[PDB]
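Here is the structure we will look at, set down as structure tokens.
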Amino acid sequence: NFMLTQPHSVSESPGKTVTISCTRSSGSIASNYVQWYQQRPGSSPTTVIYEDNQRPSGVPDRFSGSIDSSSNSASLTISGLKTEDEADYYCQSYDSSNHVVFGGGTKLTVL
């Protein structure tokens, strides 16, 4: 069984840039696909990026999916932060051998 270590909780001022990092206890990221999810009370989970590339037209591209050839962890940049980005973050990963996992539970608060 693998794990997903990511920032516990953090808050940023509206208008700043936020970057989320998701690491697998396996050290495999630039090797496997990563996904970003958002969830908050009064709503339902909405995949904002898939294949750590896929950018839906619906959700603002304000999210950035990227990886390092290091293979240490996966790193996104989110530009244009606002009360809109306010919410919790969750990320899922999967290799070639299926086995889908979910984690990266972080509480983002926009001051």
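Positions of Cβ are backbone-derived with ideal geometry, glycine not excepted, and every protein chain shown enters the neighbour counts. Here, each number is a calculation from the coordinates, and none is a lab measurement.
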Unit-weight point scatterers at every alpha-carbon of the chain, Debye formula, q = 0.19, 0.21 1/Å: log10 I(q)/I(0) is -0.97, -1.18
Where chymotrypsin sites (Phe, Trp or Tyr not before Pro) fall in DSSP loop in the range 1-40, at most 15 other Cβ within 10 Å | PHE2
Scalar couplings 3J(HN,Hα) for the range 74-88 by Karplus 6.51 cos²θ - 1.76 cosθ + 1.60 (θ = phi - 60°), nearest whole Hz, x for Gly and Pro, are 10, 10, 9, 9, 10, 8, x, 7, 8, 3, 5, 6, 4, 2, 8
Compute the separation of the alpha-carbon centres of the range 11-37 and the range 43-108 and state it in Å as a whole number.
-> 6
